[PDB]
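Everything below concerns the one structure shown next.
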Amino acid sequence: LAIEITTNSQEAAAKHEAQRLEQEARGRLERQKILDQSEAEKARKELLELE
Amino acid sequence: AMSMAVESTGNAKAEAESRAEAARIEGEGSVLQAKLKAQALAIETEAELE
């Protein structure tokens with residue numbers, strides 16, 4: 001029993017890392033999205049004037 | 001929001017610019033029409049005055 005809870009604490013801590021990596025990965029991705037959406041507005045407004 | 005601003009103004013003013021531009025044709029037209037109507041009534045009402 002003293003071995004299986006350490007492997008559970010192992011995989012739980014391993015899950016916590018991958019669960020953290022999930023957040024911070026999509027977190028920077030979200031900033032890339034807002035940035036790419038911003039560049040679209042810089043050109044869309046220019047297009048809207050021509051439109 | 002700058003795209004939202006140029007969207008509303010540029011679109012709505014262009015519609016309001018065309019109707020005013022069309023009204024200018026009626027204004028210049030009505031002047032020439034009333035000027036022609038003057039002759040129409042002048043020759044009508046003066047020649048029939050005899």
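Residue numbers start at 1 in each chain; chains themselves are named A, B, ... in the order of the structure tokens; ligands are numbered from 1 in the order shown.
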Would you tabulate, counting only C-alpha atoms, all residues of stretch 15-41 of chain A that have an atom at most 12 Å from an atom of stretch 2-20 of chain B, showing the closest pair of atoms and their distance in Å to one decimal, sorted by chain then ascending number, as CSV?
```
residue,atom,partner,partner_atom,distance
A:38,CA,B:3,CA,11.2
A:40,CA,B:3,CA,10.5
A:41,CA,B:3,CA,6.9
```
How would the residues just chosen look if you wrote them out with N, CA, C and O atoms as an mmCIF file, in the first residue's frame?
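Final file, selection-v8.cif:
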```cif
data_model
loop_
_atom_site.group_PDB
_atom_site.id
_atom_site.type_symbol
_atom_site.label_atom_id
_atom_site.label_comp_id
_atom_site.auth_asym_id
_atom_site.auth_seq_id
_atom_site.Cartn_x
_atom_site.Cartn_y
_atom_site.Cartn_z
ATOM 1 N N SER A 38 -6.276 41.712 -33.560
ATOM 2 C CA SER A 38 -5.962 43.141 -33.567
ATOM 3 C C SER A 38 -5.395 43.581 -34.917
ATOM 4 O O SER A 38 -5.767 44.634 -35.434
ATOM 5 N N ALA A 40 -6.008 42.205 -37.712
ATOM 6 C CA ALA A 40 -7.134 42.147 -38.639
ATOM 7 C C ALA A 40 -7.920 43.459 -38.632
ATOM 8 O O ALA A 40 -8.305 43.956 -39.688
ATOM 9 N N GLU A 41 -8.147 44.012 -37.441
ATOM 10 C CA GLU A 41 -8.856 45.290 -37.294
ATOM 11 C C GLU A 41 -8.075 46.469 -37.878
ATOM 12 O O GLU A 41 -8.673 47.424 -38.377
#
```
Return as a compact mmCIF listing (two decimals) with C-alpha atoms, in the first residue's frame the residues belonging to chain A that are within 10 Å of chain B, counting only C-alpha atoms.
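Dumped to selection11.txt:
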```txt
# COMPACT_ATOMS: atom_id res chain seq x y z
CA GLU A 41 -8.86 45.29 -37.29
CA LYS A 42 -5.89 47.43 -38.41
CA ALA A 43 -6.52 46.17 -41.97
CA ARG A 44 -10.32 45.78 -41.71
CA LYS A 45 -10.77 49.44 -40.74
CA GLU A 46 -8.60 50.40 -43.73
CA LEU A 47 -10.72 48.08 -45.90
CA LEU A 48 -13.94 49.48 -44.38
CA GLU A 49 -12.85 52.96 -45.56
CA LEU A 50 -12.34 51.63 -49.11
CA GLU A 51 -15.58 49.65 -48.74
```
